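Chemist: This one is work_16.txt, compact mmCIF, C-alpha atoms and all ligand atoms.
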# COMPACT_ATOMS: atom_id res chain seq x y z
CA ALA A 1 -27.23 -27.46 32.62
CA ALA A 2 -27.62 -26.33 29.00
CA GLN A 3 -28.47 -22.89 27.65
CA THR A 4 -29.42 -23.02 23.99
CA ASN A 5 -28.67 -20.17 21.56
CA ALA A 6 -26.22 -18.68 24.03
CA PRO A 7 -23.85 -15.87 23.09
CA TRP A 8 -20.98 -17.50 21.15
CA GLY A 9 -18.52 -16.67 23.95
CA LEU A 10 -20.44 -18.69 26.52
CA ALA A 11 -20.72 -21.63 24.14
CA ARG A 12 -17.01 -21.32 23.38
CA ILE A 13 -15.99 -21.45 27.05
CA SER A 14 -17.76 -24.82 27.46
CA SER A 15 -16.62 -26.33 24.19
CA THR A 16 -13.64 -28.26 22.83
CA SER A 17 -14.41 -26.75 19.41
CA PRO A 18 -15.54 -23.46 17.91
CA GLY A 19 -18.77 -23.14 16.00
CA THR A 20 -21.34 -24.27 18.57
CA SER A 21 -24.13 -22.28 20.24
CA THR A 22 -25.14 -24.03 23.48
CA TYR A 23 -23.55 -23.13 26.80
CA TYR A 24 -23.03 -26.10 29.16
CA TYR A 25 -22.32 -25.55 32.85
CA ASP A 26 -22.81 -27.11 36.27
CA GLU A 27 -26.11 -25.81 37.78
CA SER A 28 -24.25 -24.54 40.85
CA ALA A 29 -23.40 -21.65 38.54
CA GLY A 30 -21.06 -19.71 40.86
CA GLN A 31 -23.52 -19.71 43.77
CA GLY A 32 -21.81 -18.59 46.99
CA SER A 33 -19.05 -16.76 45.10
CA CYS A 34 -18.63 -13.03 44.58
CA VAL A 35 -17.25 -11.04 41.68
CA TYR A 36 -16.26 -7.41 41.89
CA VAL A 37 -16.46 -5.52 38.63
CA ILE A 38 -14.14 -2.53 38.87
CA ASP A 39 -15.27 -0.30 36.06
CA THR A 40 -17.85 2.41 35.16
CA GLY A 41 -20.35 0.83 37.57
CA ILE A 42 -23.25 -1.60 37.12
CA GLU A 43 -26.89 -0.94 36.41
CA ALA A 44 -28.02 -3.23 39.25
CA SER A 45 -31.72 -2.78 38.41
CA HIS A 46 -31.27 -4.52 35.04
CA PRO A 47 -33.69 -7.51 34.99
CA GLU A 48 -30.76 -9.61 33.86
CA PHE A 49 -29.07 -9.35 37.26
CA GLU A 50 -32.08 -10.61 39.22
CA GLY A 51 -31.24 -8.76 42.40
CA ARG A 52 -27.77 -10.33 42.52
CA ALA A 53 -25.94 -7.10 41.60
CA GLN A 54 -25.12 -4.15 43.87
CA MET A 55 -23.01 -0.99 43.72
CA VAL A 56 -20.73 -0.95 46.77
CA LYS A 57 -18.39 1.96 45.94
CA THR A 58 -17.90 5.00 43.71
CA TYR A 59 -15.27 7.80 43.55
CA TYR A 60 -17.62 10.06 41.64
CA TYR A 61 -20.76 12.06 42.30
CA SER A 62 -22.90 9.03 41.46
CA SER A 63 -22.54 5.23 41.59
CA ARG A 64 -24.72 4.88 38.49
CA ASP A 65 -23.20 3.49 35.29
CA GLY A 66 -23.69 6.38 32.89
CA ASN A 67 -21.62 4.65 30.26
CA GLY A 68 -22.62 1.01 29.87
CA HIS A 69 -19.14 -0.57 29.74
CA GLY A 70 -19.24 -1.71 33.38
CA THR A 71 -22.74 -3.10 32.99
CA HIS A 72 -21.70 -5.01 29.88
CA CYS A 73 -18.74 -6.50 31.72
CA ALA A 74 -20.85 -7.43 34.77
CA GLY A 75 -23.37 -9.03 32.40
CA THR A 76 -20.68 -11.32 31.00
CA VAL A 77 -19.59 -12.30 34.52
CA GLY A 78 -23.04 -13.17 35.87
CA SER A 79 -26.19 -12.03 34.04
CA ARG A 80 -28.87 -14.72 33.71
CA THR A 81 -28.71 -14.79 29.89
CA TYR A 82 -25.25 -13.44 29.06
CA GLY A 83 -23.25 -14.53 32.10
CA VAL A 84 -20.75 -17.29 32.76
CA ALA A 85 -21.58 -17.60 36.48
CA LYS A 86 -25.34 -17.14 36.49
CA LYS A 87 -25.73 -17.38 40.29
CA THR A 88 -22.74 -15.30 41.50
CA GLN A 89 -23.11 -12.08 43.55
CA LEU A 90 -21.88 -9.02 41.65
CA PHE A 91 -20.38 -5.95 43.34
CA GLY A 92 -19.77 -2.78 41.39
CA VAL A 93 -16.87 -0.46 42.13
CA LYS A 94 -16.99 2.73 40.03
CA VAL A 95 -13.36 3.77 39.42
CA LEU A 96 -14.13 4.99 35.88
CA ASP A 97 -16.25 8.04 35.10
CA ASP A 98 -19.10 7.99 32.59
CA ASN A 99 -16.63 8.72 29.77
CA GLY A 100 -14.82 5.51 30.75
CA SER A 101 -11.80 7.36 32.11
CA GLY A 102 -10.17 7.20 35.53
CA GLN A 103 -7.05 8.58 37.17
CA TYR A 104 -4.62 5.84 38.22
CA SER A 105 -4.86 7.03 41.83
CA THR A 106 -8.63 6.29 41.85
CA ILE A 107 -8.08 2.92 40.19
CA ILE A 108 -5.54 2.02 42.87
CA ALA A 109 -7.90 3.15 45.60
CA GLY A 110 -10.63 0.93 44.12
CA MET A 111 -8.37 -2.12 44.14
CA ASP A 112 -7.35 -1.58 47.74
CA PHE A 113 -11.01 -1.03 48.56
CA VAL A 114 -12.01 -4.43 47.22
CA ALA A 115 -9.19 -6.14 49.17
CA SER A 116 -10.74 -4.75 52.37
CA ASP A 117 -14.34 -4.84 51.26
CA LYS A 118 -14.47 -8.60 50.67
CA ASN A 119 -14.36 -8.89 54.48
CA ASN A 120 -17.72 -7.13 54.49
CA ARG A 121 -19.33 -9.53 52.01
CA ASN A 122 -20.59 -13.08 52.20
CA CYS A 123 -18.57 -15.13 49.70
CA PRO A 124 -17.99 -18.61 51.17
CA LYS A 125 -16.90 -20.05 47.81
CA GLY A 126 -14.44 -17.23 47.19
CA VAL A 127 -13.86 -13.81 45.66
CA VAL A 128 -12.98 -12.62 42.15
CA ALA A 129 -12.20 -9.16 40.73
CA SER A 130 -12.67 -8.26 37.04
CA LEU A 131 -10.62 -5.29 35.79
CA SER A 132 -11.49 -4.40 32.21
CA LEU A 133 -9.23 -1.35 32.18
CA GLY A 134 -5.65 -0.24 31.81
CA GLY A 135 -3.13 2.32 30.65
CA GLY A 136 0.61 2.70 30.28
CA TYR A 137 3.00 0.88 32.58
CA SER A 138 2.80 1.93 36.24
CA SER A 139 4.59 0.12 39.04
CA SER A 140 2.06 1.57 41.50
CA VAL A 141 -0.90 0.24 39.54
CA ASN A 142 0.74 -3.18 39.22
CA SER A 143 1.48 -3.22 42.94
CA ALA A 144 -2.15 -2.49 43.74
CA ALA A 145 -3.27 -5.40 41.55
CA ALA A 146 -0.67 -7.60 43.29
CA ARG A 147 -2.04 -6.55 46.71
CA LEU A 148 -5.58 -7.35 45.70
CA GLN A 149 -4.48 -10.81 44.52
CA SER A 150 -2.33 -11.45 47.58
CA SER A 151 -5.29 -10.54 49.83
CA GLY A 152 -7.17 -13.57 48.51
CA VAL A 153 -9.01 -12.30 45.43
CA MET A 154 -8.70 -13.93 42.02
CA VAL A 155 -7.69 -10.92 39.96
CA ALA A 156 -8.46 -10.96 36.23
CA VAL A 157 -7.30 -7.99 34.11
CA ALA A 158 -7.53 -7.05 30.44
CA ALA A 159 -4.38 -7.40 28.33
CA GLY A 160 -5.29 -4.24 26.42
CA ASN A 161 -6.42 -3.36 22.92
CA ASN A 162 -3.29 -1.94 21.23
CA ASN A 163 -2.25 -5.03 19.19
CA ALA A 164 0.94 -4.67 21.16
CA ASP A 165 3.01 -6.38 23.83
CA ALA A 166 1.18 -6.08 27.14
CA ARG A 167 4.44 -5.73 29.06
CA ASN A 168 4.00 -1.97 28.49
CA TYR A 169 0.57 -1.70 30.11
CA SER A 170 -0.82 -1.84 33.67
CA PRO A 171 -2.26 -3.73 35.44
CA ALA A 172 -1.86 -6.04 32.40
CA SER A 173 1.90 -6.43 33.02
CA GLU A 174 1.63 -7.52 36.68
CA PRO A 175 2.95 -11.14 36.88
CA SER A 176 0.88 -12.19 39.89
CA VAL A 177 -2.60 -11.52 38.38
CA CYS A 178 -4.43 -13.21 35.50
CA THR A 179 -3.93 -11.25 32.28
CA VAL A 180 -6.54 -11.96 29.60
CA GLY A 181 -6.19 -11.59 25.82
CA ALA A 182 -9.14 -11.61 23.40
CA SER A 183 -10.24 -14.10 20.69
CA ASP A 184 -13.04 -14.23 18.03
CA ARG A 185 -15.65 -16.86 17.19
CA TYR A 186 -13.30 -18.40 14.61
CA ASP A 187 -10.54 -18.90 17.22
CA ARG A 188 -8.40 -16.08 15.85
CA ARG A 189 -6.65 -13.76 18.21
CA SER A 190 -8.81 -10.63 18.13
CA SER A 191 -7.13 -8.11 15.83
CA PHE A 192 -6.83 -5.50 18.60
CA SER A 193 -5.78 -7.89 21.37
CA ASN A 194 -2.48 -7.29 23.12
CA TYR A 195 -0.14 -10.26 23.45
CA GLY A 196 3.18 -11.18 25.06
CA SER A 197 4.77 -13.25 27.82
CA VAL A 198 2.65 -11.46 30.47
CA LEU A 199 -0.58 -13.01 29.13
CA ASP A 200 -1.94 -15.96 31.03
CA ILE A 201 -5.04 -16.83 29.05
CA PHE A 202 -7.39 -15.86 26.21
CA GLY A 203 -11.17 -15.58 26.35
CA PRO A 204 -13.87 -14.50 23.87
CA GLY A 205 -13.57 -10.75 23.14
CA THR A 206 -14.91 -10.04 19.66
CA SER A 207 -18.62 -9.32 19.12
CA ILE A 208 -19.74 -10.17 22.65
CA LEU A 209 -23.46 -9.76 23.46
CA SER A 210 -24.25 -8.61 27.02
CA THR A 211 -26.25 -6.22 29.14
CA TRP A 212 -26.24 -2.46 28.66
CA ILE A 213 -27.60 0.53 30.55
CA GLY A 214 -31.25 1.52 30.12
CA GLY A 215 -32.09 -2.18 30.65
CA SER A 216 -30.90 -2.95 27.12
CA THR A 217 -28.35 -5.23 25.46
CA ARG A 218 -25.48 -4.82 23.00
CA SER A 219 -22.64 -6.49 21.24
CA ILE A 220 -19.21 -4.88 21.66
CA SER A 221 -15.56 -5.94 21.44
CA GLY A 222 -12.42 -5.76 23.59
CA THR A 223 -10.11 -7.49 26.00
CA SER A 224 -12.60 -5.75 28.29
CA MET A 225 -15.05 -8.44 27.14
CA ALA A 226 -12.62 -11.38 27.39
CA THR A 227 -11.68 -10.54 31.00
CA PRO A 228 -15.16 -11.07 32.54
CA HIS A 229 -15.41 -14.47 30.83
CA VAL A 230 -12.32 -15.47 32.76
CA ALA A 231 -13.52 -13.77 35.97
CA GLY A 232 -16.90 -15.55 35.70
CA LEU A 233 -15.13 -18.83 34.91
CA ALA A 234 -13.00 -18.48 38.05
CA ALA A 235 -16.11 -17.81 40.21
CA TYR A 236 -17.82 -20.87 38.71
CA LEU A 237 -14.78 -23.09 39.30
CA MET A 238 -14.40 -21.79 42.86
CA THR A 239 -17.99 -22.70 43.72
CA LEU A 240 -17.36 -26.16 42.23
CA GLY A 241 -14.43 -26.48 44.63
CA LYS A 242 -12.01 -27.10 41.75
CA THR A 243 -9.72 -24.20 42.63
CA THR A 244 -9.13 -21.17 44.88
CA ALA A 245 -8.36 -17.48 44.41
CA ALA A 246 -4.64 -18.09 44.60
CA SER A 247 -4.55 -20.91 42.06
CA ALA A 248 -7.45 -20.18 39.71
CA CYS A 249 -5.42 -18.51 36.96
CA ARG A 250 -3.00 -21.48 36.89
CA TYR A 251 -5.94 -23.89 36.99
CA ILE A 252 -7.64 -22.17 34.05
CA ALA A 253 -4.38 -22.26 32.12
CA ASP A 254 -3.85 -25.93 33.05
CA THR A 255 -7.33 -26.92 31.84
CA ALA A 256 -7.50 -24.55 28.83
CA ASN A 257 -8.01 -25.53 25.19
CA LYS A 258 -4.40 -25.57 23.97
CA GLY A 259 -2.87 -24.66 20.64
CA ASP A 260 -6.24 -23.88 19.01
CA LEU A 261 -5.95 -20.14 18.42
CA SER A 262 -4.55 -18.58 15.25
CA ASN A 263 -2.29 -15.51 14.93
CA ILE A 264 -0.84 -16.02 18.40
CA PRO A 265 2.60 -14.38 18.28
CA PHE A 266 5.58 -16.55 19.04
CA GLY A 267 6.18 -16.55 22.80
CA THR A 268 2.58 -15.81 23.75
CA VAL A 269 0.48 -18.59 25.33
CA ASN A 270 -1.97 -20.38 23.04
CA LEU A 271 -4.59 -21.13 25.71
CA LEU A 272 -8.35 -20.49 25.54
CA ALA A 273 -10.46 -20.50 28.73
CA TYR A 274 -12.51 -23.67 28.98
CA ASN A 275 -14.70 -24.99 31.80
CA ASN A 276 -14.08 -28.73 31.19
CA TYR A 277 -17.70 -29.35 31.99
CA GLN A 278 -19.00 -32.77 31.06
CA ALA A 279 -22.79 -32.47 30.91
CA CA B 301 0.05 -13.86 35.92
Show me the file's structure as structure tokens.
Ligand SMILES: [Ca+2]
Modeler:
Amino acid sequence: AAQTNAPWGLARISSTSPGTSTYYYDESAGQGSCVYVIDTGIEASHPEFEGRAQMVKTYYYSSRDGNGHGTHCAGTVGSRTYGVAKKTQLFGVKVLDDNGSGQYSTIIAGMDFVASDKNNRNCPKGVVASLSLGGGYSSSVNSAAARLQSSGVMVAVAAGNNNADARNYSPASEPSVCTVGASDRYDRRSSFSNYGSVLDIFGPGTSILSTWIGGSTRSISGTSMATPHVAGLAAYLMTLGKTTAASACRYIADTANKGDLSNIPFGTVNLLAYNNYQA
């Protein structure tokens, strides 16, 4: 399949070179997979989600996304126009309030929730979790992310936006999950992107167009935006039968565009998520 004039990030993920604008992907498009977006929620009624999105959990007085961040992230995972996996099922878990904040205890609870909750969902091709959030190092937070992964969910987490080594952030620093740095449309490491040995992969994170609340759209930047590209990619590859929750991060790294990014600090991987789709 080919989607012309796609957001640059989508085109980038299906290209061996920067500077193109068409997104190429197998029509299966993540059908039969599920992606949990653990964030400020998801505006499920957005036309862009086509009935494929649902809120399944909140720790606040509403499950509505009163911020937009979670809806943007979900849009990158699987919206019809702005999504990597255009046929995946999206499940929203609201661990962040409408200011985008959340206590670590609530974040942990949301991760453990998804590990159980996947047994209540129909996801024959497999399960992914996208965590576009983080804070300072916490062994408890890292352990929760490790549990979620161990339970059979492909966990993708943001490296963080401090232009700093991600070893000092959680869940970014957890070895067993897929930690995602951010790049721009010229294949530069995004100026704010964290880096370090704990990173597994980069995806598009600068000036990313996606869904927003009020049934709108916007371009924003962050490792928050890179993460759902990787989460969507994993879902898409799982439906194709190329990989599984346990091996998807390795598989993406194995099949990544290699050595193409600039300003990657010595010791950080130079790998950019790529779907290896031959139209
Ligand atoms: Ca890892």
Chemist: Could you tell me, counting all atoms listed in the file, which protein and nucleic acid residues lie no more than 7 Å from ligand CA 301 (chain B), written as a PDB file with C-alpha atoms, in the frame of the given file?
Modeler:
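In the end it all went to selection_21.pdb:
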ATOM      1  CA  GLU A 174       1.630  -7.520  36.680  1.00  0.00           C
ATOM      2  CA  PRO A 175       2.950 -11.140  36.880  1.00  0.00           C
ATOM      3  CA  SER A 176       0.880 -12.190  39.890  1.00  0.00           C
ATOM      4  CA  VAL A 177      -2.600 -11.520  38.380  1.00  0.00           C
ATOM      5  CA  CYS A 178      -4.430 -13.210  35.500  1.00  0.00           C
ATOM      6  CA  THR A 179      -3.930 -11.250  32.280  1.00  0.00           C
ATOM      7  CA  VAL A 198       2.650 -11.460  30.470  1.00  0.00           C
ATOM      8  CA  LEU A 199      -0.580 -13.010  29.130  1.00  0.00           C
ATOM      9  CA  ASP A 200      -1.940 -15.960  31.030  1.00  0.00           C
TER      10      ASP A 200
END
Chemist: What does the distance from atom CA of residue 260 of chain A to atom CA of residue 190 of chain A come to in Å, to one decimal?
Modeler: 13.5 Å
Chemist: So which one's closest to residue 170 of chain A, A:196, A:204, A:135, A:214? Using all atoms listed in the file, please.
Modeler: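 Looking only at the distances to residue 170 of chain A, the closest residue turns out to be A:135.
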Chemist: Have a look at A:58, A:8, A:167, A:16 and name the one nearest to residue 257 of chain A; count all atoms listed in the file.
Modeler: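 Result for the nearest residue to residue 257 of chain A: A:16.
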Chemist: Can you pull out every residue within 10 Å of residue 185 of chain A, counting only C-alpha atoms, but drop anything in the same chain fewer than 2 positions away, and send it as a list in words?
Modeler: residues 8, 9, 11, 12, 18, 19, 20, 183, 187, 188, 189, 190, 204, 205, 206, 207 and 208 of chain A
Chemist: Ranking A:89, A:194, A:150, A:211 by minimum distance to residue 134 of chain A and counting all atoms listed in the file, which one comes first?
Modeler: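 Going through A:89, A:194, A:150, A:211 one by one, the smallest distance to residue 134 of chain A is for A:194.
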Chemist: If you measure from atom CA of residue 56 of chain A to atom CA of residue 228 of chain A, what distance in Å do you get, rounded to one decimal?
Modeler: 18.3 Å
Chemist: Using only C-alpha atoms, which residue out of A:5, A:21, A:28, A:219 lies closest to residue 241 of chain A?
Modeler: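 Of A:5, A:21, A:28, A:219, the one nearest residue 241 of chain A is A:28, counting only C-alpha atoms.
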Chemist: Rank nothing, just name the residue among A:83, A:265, A:47, A:70 nearest to residue 7 of chain A, using only C-alpha atoms.
Modeler: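 For residue 7 of chain A, the nearest of the candidates is A:83.
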Chemist: Would you mind telling me which residue in A:76, A:262, A:103, A:116 lies nearest to residue 231 of chain A when using all atoms listed in the file?
Modeler: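 Counting all atoms listed in the file, the residue closest to residue 231 of chain A is A:76.
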Chemist: Near residue 42 of chain A, within 6 Å and counting all atoms listed in the file, which residues show up once chain neighbours fewer than 5 positions away are dropped, as a list in words?
Modeler: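 Contacts, with the query itself left out: residues 65, 70, 71 and 92 of chain A.
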Chemist: What would the file look like if the residues just selected were written as a CSV table (one decimal), keeping the file's coordinate frame with C-alpha atoms?
Modeler:
chain,number,residue,atom,x,y,z
A,65,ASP,CA,-23.2,3.5,35.3
A,70,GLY,CA,-19.2,-1.7,33.4
A,71,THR,CA,-22.7,-3.1,33.0
A,92,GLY,CA,-19.8,-2.8,41.4
Chemist: Can you list, as a JSON list (two decimals) with C-alpha atoms, in the coordinates of the input, every protein, DNA or RNA residue that comes within 9 Å of residue 57 of chain A when you count all atoms listed in the file, leaving out same-chain residues fewer than 4 positions away?
Modeler:
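Saved the output as out_34.json:
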[["chain", "number", "residue", "atom", "x", "y", "z"],
["A", 41, "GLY", "CA", -20.35, 0.83, 37.57],
["A", 63, "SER", "CA", -22.54, 5.23, 41.59],
["A", 91, "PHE", "CA", -20.38, -5.95, 43.34],
["A", 92, "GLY", "CA", -19.77, -2.78, 41.39],
["A", 93, "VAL", "CA", -16.87, -0.46, 42.13],
["A", 94, "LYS", "CA", -16.99, 2.73, 40.03],
["A", 95, "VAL", "CA", -13.36, 3.77, 39.42],
["A", 110, "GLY", "CA", -10.63, 0.93, 44.12],
["A", 113, "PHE", "CA", -11.01, -1.03, 48.56]]
